[PDB]
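K.L.:
got a structure for you, letters missing:
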């Protein structure tokens, strides 16, 4: 397992460390979409940060099952529910939660 | 799908161009119809990044010498490639008694003949080469530099007392075989500054890979 | 896609915003075929 | 020493600050030798 | 980390967290009796059995929730969309897998559930005087789903406070993200239409509102990936 | 609560949480062949096998992370510092144990890892034109460690996004604090110098930034305690 | 979800979380020797063995903590209040169960414990010059408990920093809520008064202050439910 830079938005030099994690907070209301990315271990995107990704670049084609893990680093007193959902090839990102 | 293309030997095989000697009839570079090439497997650009995936490596190499004229022409010129085992002194003149010393394996071949190839065993006096050395080999800055990792030195030259008759270009290809790697380390993600250390642009730090607009917009 | 099933809930005294780290990796049944030395990070002569 | 490996992460709606309680105790292999009645809290006549 | 690979698809999902098998039954084919007795229904095992990954929906501090309708959702994109369109009768089980990419600095909870015969009901005008049966947008919201307007009554006067009485699974950010549900074919008919009648609906509502201290990506992506378990069709057109 | 006591030291650490044994090997002594064949290397079991507790580092909302270099870190303070100084050759395994004292009202995550042959690389001037090999402060930062200047590239153009490919362990405040790693002797030589070549480096970076609602002690102390497993030396000076 | 039903009462408590049995002993009746040898004490198994649910206390961002005194707390409300009043001698074990209804958007930690012979001590005037033994309000605070004035010294110069040395159980909101403790009869006498001497006290203090981002119900209800295990009485009046 290697850190997937799902939050691969800040490009600034002294912020690159933020690309390692995305946030969740009070401002967000139920239903709100938090984040979203593709299952593309090869291609450019958030996967390029992972060792997996970087190795694929040294290869032309591939196939297999993947395994993303999500670690909540918030307070201990923090609670709530997040809904992670995978949509196989085709079916665009679900309209709403 | 056979997981064989993902082995170590199938990853590090393939003869790559690591050296290109040049013996112009007249000019600047190598004005003596000979030149000394230090075996450096980083002669192949993308090789550094690769091998540097590990901390310890062990391997042998098969070097191949494809020599011709700058035009790509074949000519009746006899050459002598010599190998300087790390520890023996290298030639300095077009007839330093160096090319004479037997303990320095030489291999004569004409350009007529197909490429010349030979195998260099795992040299190092250590258990394995090591791309990283966090210390100093017990004025000057000798950090990160690991001594015993020197594979040797090839010394190309046109056989004979006098200079060559035509201009020559010797390309050196090396394929490493029987590889063993150890201690996998993160994959380089900042351009390389020197062949020496792992220094990088201390401000020009870019993100490991491309970036997007918002984390919600794909 | 990751969605907010419920709002973020915290008591008085705790950080009203947290972060989530993501860790990927392929499963056992992964393959790779054909080699391609595509590498933008290349070795440069001092 | 306890260090912040990552920043504190919380969603909108939760306390943007929490607390950590610490609980100590000796393990099974603990010893004590020699008695010393050092006690600053002493009995006082009404 | 361990990526499952069933088809020309390869999702890098967790090793094997907890999956709720619907109504306690693995979707299967069929004994030897149906709405077709001298019509042996071909069972697409070809490209009809791979991973489909719907366009990730973005969860905001305000998302009311979303829903999709099966089998409709896929009759759109896919070779399973090819089948559902060129075939008359249909019977197929499923297996949805909703993932959530967020950081330990976010927080929320999603209730993900399967509700058979999910009949919508719009406002009925505005206050309640118009027998306007919901649009063709709410009855079959393609592969991009549709948002709930009244999450509390699931858009059908039923309280979400009780939705857990269906095959469901929670997704509390501080505890997980991926959630799985294996749906078996649920119908009052062996073989039913795969274009007009939607065997059920998949709901995914934020019960505990998404939130993050200011400065974190405010939208957490919910990725719904699904796999058609035991497709079955009869008579092509 | 259960305090381990191996030496004139007594750390009151947790009963027995999870410890990651490095590269899957317990540090051991040696078969019967080395860089010394007619030189039986004395194996310090005396005071060279006790608990050392480095000066706790303070974690701020802004700490970029820290790192130590073994065996250097201890050649300083300790009788193990006595050995590493008065001896020529050296071989020794380890066992680091990083603890974090914080409250349930704080939050963060530390990635703690061991990286063999950790070669630093400063700015290389400022923009990138100076072959200035890092100071004797970054190559051997004594027992007080040193801070990362560019955490993202671990000060050596390697992405921390992949550091987990080393013996590592996470320390997410909301889930734990103490983390342990048993390092075996990793070198391309049986017996190497214990004063010039640092077999490896211990990194400890805040991947999820430390944080606390205003009013809580803003600095959480990270206490690194380590124990030299199977020390070995040859020829005194 | 699984509701326990022992009596004309029915609490819908969790299935079976973790309960701390006090001093490792299940409250029992008695061998065949007591403060009554020719007086066989009737053992109320009737309505003296049901569930009592004390008036829920409200936890604020500022609650200093509360405490109740057994057996007093119930000699008030209940048929167990009938017994404790019309009987001379008494011996009875217990079983407290403290529940906390809060959301995943709140946070806190309660230390719940049982402290035998819990003798209070007010301010002793103001600064410390008045042998004023606490009111009849602090010695027997009925079924509505009483608040601590000096939580740090538990109102008796003893540090709460060490209260865990008693039968206790934690209630960290982000991890649970219900906590249980089975108390056995602890006394220096087989049969003691059930009206003047309170065998012990139940404390419940907020060690980690309650908190919630603004907008959530600020008061979390703490529901204490208890069941008299093995009541025993002698001679009615």
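P.N.:
Thanks, I have the structure now. Numbers count the residues shown, from 1 in each chain, chains lettered A, B, ... in the order given.
K.L.:
count of residues packed around residue B:195?
P.N.:
Residues contacting residue B:195 under the criterion other CB atoms under 10 Å in any protein chain shown number 12. From N, CA and C alone the C-beta is placed, and that goes for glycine too.
K.L.:
could you measure it against residue E:217, distance?
P.N.:
Distance of residue B:195 to residue E:217, given as CB to CB, to the nearest Å: 40 Å.
K.L.:
ok, what's across the strand from residue 21?
P.N.:
No chain in the question, so chain A it is. On the basis of DSSP bridges, residue A:21 is bridged to residue C:21.
K.L.:
Do I have it right that it meets residue C:23?
P.N.:
No - in this structure residue A:21 lies outside contact range of residue C:23 using CB atoms under 8 Å: 10.6 Å.
K.L.:
For the two, indicate the residue with more neighbours.
P.N.:
Neighbour count, other CB under 10 Å: between residue A:21 and residue C:23, residue A:21 has more, with 32 against 18.
K.L.:
so what's that one up against?
P.N.:
Counting by CB atoms under 8 Å, 6 or more residues apart in numbering or on different chains, residue A:21 makes contact with A:7, A:73, C:19-22, D:6, D:9, E:103-105, F:207-208.
K.L.:
swap in residue B:157?
P.N.:
Here residue B:157 is in contact with B:23, B:33-35, B:79-82, B:91, B:94, B:99 (CB under 8 Å, 6+ apart).
K.L.:
in the longest helix seen in chain E, what's buried?
P.N.:
Counting by DSSP state H, the longest helix found in chain E is helix E:79-86. The neighbour-count check on helix E:79-86 (16 or more other CB atoms under 10 Å in any protein chain shown) flags E:79-81, E:83-84 as buried.
K.L.:
Same list, those, but as a markdown table with distance to residue E:133 please.
P.N.:
What follows is those, written out as a markdown table (distance: CB to CB, whole Å):
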| residue | distance to residue E:133 |
| --- | --- |
| E:79 | 32 |
| E:80 | 28 |
| E:81 | 25 |
| E:83 | 28 |
| E:84 | 23 |
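K.L.:
Pick the one among those closest to residue B:127.
P.N.:
residue E:79 (54.5 Å; CB to CB).
K.L.:
Would you mind measuring from the closest one to chain B?
P.N.:
22 Å (CB to the nearest CB, to the nearest Å).
K.L.:
Please, which helix or strand holds residue B:203?
P.N.:
Here residue B:203, judged by DSSP states H and E, is contained in no helix and no strand.
K.L.:
I'd guessed it sits against residue A:13; true?
P.N.:
Yes - counting by CB under 8 Å, residue A:13 is a contact partner of residue B:203 at 6.8 Å.
K.L.:
can you tell me the residue of chain C closest to chain B?
P.N.:
Closest contact between chain C and chain B, by CB to the nearest CB, is at residue C:39 (3.9 Å).
K.L.:
isn't that residue right up against residue B:52?
P.N.:
No - assessed by CB under 8 Å, residue C:39 is found out of contact with residue B:52, at 11.0 Å.
K.L.:
Give me the residues contacting stretch E:46-55.
P.N.:
A:38-39, A:85-94, B:218, E:4, E:6-11, E:68, E:73-74, E:77-80, E:83, E:143-145, E:223-229, E:231.
K.L.:
if we go to 6 Å?
P.N.:
A:86-94, E:7-9, E:11, E:78-80, E:83, E:143-144, E:224-228, E:231 (CB atoms under 6 Å, 6 or more residues apart in numbering or on different chains).
K.L.:
ok so, going back, out of residue C:39 and residue B:52, which sits in the more crowded spot?
P.N.:
Using other CB under 10 Å, the more surrounded residue of residue C:39 and residue B:52 is residue B:52, with 22 against 18.
K.L.:
what's around the closest residue to the more buried one other than its chain neighbours, how many residues?
P.N.:
Closest residue to residue B:52 in three dimensions, ignoring its sequence neighbours and counting by CB to CB, 6 or more residues apart in numbering or on different chains: residue B:131, at 5.3 Å. Residue B:131 sits with 21 neighbouring residues when counted by other CB under 10 Å.
K.L.:
go on, residue B:173?
P.N.:
21.
K.L.:
Got the phi and psi for residue E:160?
P.N.:
When read as degrees, to the nearest 10, the backbone of residue E:160 gives phi -70, psi -20.
K.L.:
show me the contacts for the residue nearest to the spatial centre of chain E.
P.N.:
By CA atoms, centre = their mean, chain E has its centre lying nearest to residue E:202, at 3.6 Å. Contacts for residue E:202 were tallied using CB under 6 Å, 6+ apart; they are E:68, E:96, E:114.
K.L.:
Who wins on neighbours among the residues you listed?
P.N.:
Greatest neighbour count in these, by other CB under 10 Å, goes to residue E:68: 31 neighbours.
K.L.:
For that residue, name its beta-bridge partners.
P.N.:
In beta-bridge terms (that is, DSSP bridges), residue E:68 pairs with residue E:202.
K.L.:
how much space between it and residue E:124?
P.N.:
From residue E:68 to residue E:124 the distance is 23 Å (CB to CB).
K.L.:
Spatially nearest residue to whatever residue of chain B ends up closest to chain C, not counting backbone neighbours?
P.N.:
Chain C sits closest to residue B:46 of chain B, with a gap of 3.9 Å, by CB to the nearest CB. Spatially, and ignoring its direct neighbours in sequence, residue B:46 is nearest to residue C:39 (3.9 Å; CB to CB, 6+ apart).
K.L.:
Which single residue of chain E ends up nearest chain B?
P.N.:
At 3.0 Å from chain B, residue E:219 is the closest residue in chain E, using CB to the nearest CB.
K.L.:
ditto for chain A
P.N.:
Across chain A, no residue is closer to chain B than residue A:48, which sits at 2.6 Å (CB to the nearest CB).
K.L.:
Helix, strand, or coil at the closest residue to that residue other than its chain neighbours?
P.N.:
Nearest non-adjacent residue to residue A:48, counting by CB to CB, 6+ apart: residue B:209, 2.6 Å away. Secondary structure assignment for residue B:209 (DSSP: H, G, I helix; E, B strand; the rest coil): coil.
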